[PDB]
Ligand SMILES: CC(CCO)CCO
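The chain that follows stands alone, in the form deposited without the named molecule, written as structure tokens.
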């Protein structure tokens, strides 16, 4: 996409969970299940505001524990998250280090979703004792997402991806150039 970001409506991803998504990089939180997506897919860098991932909805499915490869299941449920946040390259090399010259993370995944624990998404997705998974994602209509957006936290906050057709398309728009 514009800026060299890798923004595809379906693919393979790794998955983690994080705490504190009340002030996310898109500039609006949301009451439903939400996630951060890795910088290369988010469409912006730290401090540059919302990228074109902002507010898009994705169905996530975990099917492998890379830390416990002998574990055959059960995994969690497929959940639908709204992207509100950025998992930046800086400080997240294992999972969010995808760059245009090296587009997979240390688990070979081209995308990563960091699922917010606060609003319940990770409890539906991660079996107890299994904090990181790999699997698949598919962008879906936000008709499939339960919840309401929070208010703007600053000028330029954007979740307009929630009404956009699936990638390839433009809503909030990408900022700057993808990390190389």
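Residue numbers count along the first chain shown, from 1.
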For the C-alpha atoms alone, is the average B factor greater in 6 to 14 or in 153 to 161, going by the entry? 153 to 161
Avg C-alpha B-factor, entry values, 123 to 131 vs 60 to 68, higher side is 123 to 131
Can you tell me which of 78, 90, 84, 98 has the maximum CA B-factor listed in the PDB entry? 90
Selection by C-alpha B-factor (highest) of 142, 48, 30, 115: 48
Among the modelled residues of this chain, does the Cα B factor of residue 147 put it in the lowest, middle or highest third? highest
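The following text describes the form solved in complex with the named molecule, which does not appear among the structures shown.
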Indicate whether the candidate residues 63, 105 and 141 are all in contact with the named molecule in the bound PDB entry, with contact defined as any heavy atom within 4.5 Å. no
Check whether residue 59 has any heavy atom within 4.5 Å of a heavy atom of the named molecule in the bound PDB entry, and answer yes or no. no
Would residue 127 sit within 4.5 Å of the named molecule in the bound PDB entry, counting heavy atoms only? yes
So in the bound PDB entry, does any heavy atom of residue 31 sit within 4.5 Å of the named molecule? yes
Looking at the partner-bound form in the bound PDB entry, is residue 119 within 4.5 Å of the named molecule by any heavy atom? yes
Could you list which residues of 57 to 81 come within 4.5 Å of the named molecule in the bound PDB entry, counting heavy atoms only? 74, 75, 76, 77
